[PDB]
Every structure is written in C-alpha cells, then in structure tokens.
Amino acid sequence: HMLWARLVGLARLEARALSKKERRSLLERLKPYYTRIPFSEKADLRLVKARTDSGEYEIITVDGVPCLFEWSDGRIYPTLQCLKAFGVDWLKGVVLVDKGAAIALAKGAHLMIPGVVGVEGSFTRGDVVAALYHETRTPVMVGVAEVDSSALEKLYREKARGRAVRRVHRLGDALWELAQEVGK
C-alpha cells in the first residue's frame, strides 16, 4: 500500500500477518506492563511497516486499528488510536490534566506535576500511563510515570514542581499522524 499523511507525507507500506509465535510473544511482552490485554485472542494482528522521507515506522494493527509500537526501551506501547478503540481501563493508570497541560502535551511537552489534577489506577515509577484532559477525558499523551501513583497523589495536590510523566507518544506527533492515516 501507499498512503499520504500530514507531517510525514508519502509513505510506502508493507503489511503481513503476525506469526503464531509472534502473537504469543506479543501477549507475553504486554502482560507485565498493563492490567490486561485489551483485545481478544481472536483479533486479527498484522505488522505494518511504513517508510517515509525521514525513515521507518513499524506498527501492529489489531482488527485494522494501528495500535501498538515498540519504543527505544524495548517495550510495547499503545498509540492514542489504540486508546480510542479499546479505552484506558486496561492501563495500570492514567493521570488527568488541566487545559493548559493538555494543550502543552498536544504540542509535545512532557507532563509536569503542576498540570496534574487527578490520578487513577495504581502504578509505580517506570510504568506505562496515559495523560488525559480531565474535562473530556481525551487521551493526549502516552508515556512513562516518573513517580509512583501514591506519591503523585500528594505532589499534585501541593502543585510541587517536577516531571510527572515522560512523553513517549502524543497527539499530533509523527507517529500519531501516520497512525491516523493507516486507520483511514
């Protein structure tokens, strides 16, 4: 296939079904980091590789939805499209943020504690979490918790300074634009 996305531009695509061993491995790689696997063991899993001007992206689709990708720490993370199709309850936790923080994250900033207004779930430093604009519960960024959820509960109420979540993927980034078009 070929597609043309905002930001990244023209992309040449190569897709293939995941092997039975690859599907098994994927489930095993996810189990330690999320509350549960969000999709069925019957869902159609494919690996889509897209080559654009600057480089290459690899995304796992679940029933056609561009949902998972491997990051530089070797862990598998969900795209924001995955959170839309499957929700956020399967993540260990989510952090609710104010409007200025939702906007900053949609521009690519990391999430600092003063923009946090709520914590859900239970997680420790290093866990995968999603940041959501509190008013509409719109996911705006996926990243890594820099503090435990019980510590964050105290820190956001004091509006302490410091990083709460390290950005990995966010609304409007290159992967987001590519994923939006794959989904189309």
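Each residue number is its position in the shown sequence, starting from 1.
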Mean B factor on CA atoms, stretches 51 to 59 and 130 to 138, record says higher is 51 to 59
Between 15 to 23 and 168 to 176, the record assigns the higher mean Cα B factor to 15 to 23
Here the Cα B-factor of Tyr156, set against its chain, lands in the third termed lowest
By the entry's values, the third containing the CA B factor of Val117 is the lowest
Among the modelled residues of its chain, the C-alpha B-factor of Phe39 falls in the third labelled highest
Entry-reported C-alpha B-factor of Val147 relative to its chain, by third, is highest
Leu68: CA B-factor among chain residues, third -> lowest
